[PDB]
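Take a look at this single chain in structure tokens; it is the form deposited without 5-nitro-1H-indole-2-carboxylic acid (GID).
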């Protein structure tokens, strides 16, 4: 049983939130639209909306999307017929200084997984990290991914404060999933993936915004398998994060998990900063 606390919209020093970022693995744009994903997003009214697993291989974006109120600057993984392609999206009220795609490493840049948007005061990265796979078939690949990604982000953070959000496909600690003992050998909770996530936090460095604010809170999940009504039982995993440069912690007001928002097998997460 989990109840997200009310939105806290001031920083530790009392500054009003000035930026609201929403991130959501949508499990396919079209299916998500059908399930009222966009109605929810219009209620949330974020300054920036980051979407993962759009499954938008085809050139044509749905019309509902370009028309989304306020969020007129929209960046999508380039459409691709490549097998294994996932697609991410980054939509913004303000025009970014600069937008980039991928992580400068060809092995990891074929599947539309990463968008970088630079603003004046910080850089925003959204990512859909590769799942380690059924029977751990993509585990060795995931370890090469974690290292390249860590290095790429360490590079960005050296220029400007960093915000990374998205589906990072790992539950960090035992408190991060309902069933830690049964999943030691499943994608998302292997020691390798937990270790990669620990090295990410250290090397960049980055802080886990939710767990920073709520260090003891259990049953706070962000994903539930469609299988066997896991969501009804809250049999879930926290795979979605906002990770912040330490220098942004004094700007951090709250980090939310939108437990009841329907539309996908993940729920949205939301970040408030005072910048």
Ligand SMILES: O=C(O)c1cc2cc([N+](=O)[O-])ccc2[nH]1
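Residues that one form lacks are left out of the comparison. Positions refer to the first chain, counted from 1. Just so we're on the same page, rigid core means the largest C-alpha set that superposes within 1.5 Å between forms.
Point to revise | Coordinates lacking for residue 176, a third or more of other entries | key: In none of the comparable entries (those modelling both sides of it) is residue 176 left without coordinates.
**Study point:** Entries skipping residue 82: at least a third of other ones
**Key:** Affirmative; at least a third of those entries omit residue 82.
Check your understanding: Given the B-factors recorded for C-alpha atoms, which segment has the greater mean, 161-169 or 77-85?
Key -> Comparing averages over the C-alpha atoms only gives 77-85.
Practice item. Look up the CA B-factors in the entry and say which stretch, 147-155 or 170-178, has the higher mean. Key: Of 147-155 and 170-178, the stretch with the higher C-alpha B-factor average is 147-155.
Exercise for review: Could you check 117, 129, 71, 187 and tell me which one carries the biggest Cα B-factor in the deposited entry?
Suggested key: Highest CA B-factor of the listed options: 71.
Check your understanding: Highest Cα B-factor in the deposition, which of 240, 67, 47, 53?
Key -> Across 240, 67, 47, 53, the entry lists the biggest C-alpha B-factor for 67.
Review point. Lowest, middle or highest third: where is residue 245 by Cα B-factor in its chain?
Key: CA B-factor rank for residue 245: middle third.
Review point. Relative to the other modelled residues in the chain, which third contains the C-alpha temperature factor of residue 13: lowest, middle or highest?
Key: For residue 13, whose C-alpha B-factor we compare with every modelled residue in the chain, the answer is the highest third.
Practice item. Please place residue 135 in the lowest, middle or highest third of its chain by C-alpha B factor as given in the entry. Key: Highest third - that is where residue 135 ends up once the chain's C-alpha B-factors are sorted.
Exercise for review: Looking at the entry's B-factor column for C-alpha atoms only, identify whether residue 232 ranks in the lowest, middle or highest third of its chain.
Suggested key: Highest third of the chain for residue 232's C-alpha B-factor.
Practice item. Please place residue 216 in the lowest, middle or highest third of its chain by C-alpha B factor as given in the entry. Key: Tercile = highest for this residue's CA B-factor.
One more form of this protein should be noted, the form deposited with 5-nitro-1H-indole-2-carboxylic acid (GID) bound, which is absent from this view; the next part is about it.
Point to revise | Residue among 19, 252, 257, 261 with a heavy atom within 4.5 Å of 5-nitro-1H-indole-2-carboxylic acid (GID) in the entry with it bound | key: Only one option qualifies, and that one is 19.
Review point. From the list 76, 122, 152, 85, which entry has a heavy atom within 4.5 Å of 5-nitro-1H-indole-2-carboxylic acid (GID) in the entry with it bound?
Key: By the 4.5 Å heavy-atom cutoff, the listed residue in contact is 122.
Review point. Picking from 46-54, 26-34, 234-242, 221-229, which part of the chain touches 5-nitro-1H-indole-2-carboxylic acid (GID) in the entry with it bound when contact means heavy atoms within 4.5 Å?
Key: Careful reading of the contacts points to 46-54.
Review point. Are any of the heavy atoms in residue 126 no more than 4.5 Å from a heavy atom of 5-nitro-1H-indole-2-carboxylic acid (GID) in the entry with it bound?
Key: Judged by the heavy-atom cut-off of 4.5 Å, residue 126 is well away from 5-nitro-1H-indole-2-carboxylic acid (GID) in the entry with it bound.
Review point. Does any heavy atom of residue 94 come within 4.5 Å of a heavy atom of 5-nitro-1H-indole-2-carboxylic acid (GID) in the entry with it bound?
Key: Close contact exists here: in the entry with it bound, residue 94 approaches 5-nitro-1H-indole-2-carboxylic acid (GID) to within 4.5 Å, heavy atoms only.
Exercise for review: Give me the stretches of at least three consecutive residues whose Cα atoms move by 2 Å or more between the shown form and the other one once the core is superposed.
Suggested key: After superposing the rigid core, the shifted stretches between the shown form and the other one are 78-80, 83-85.
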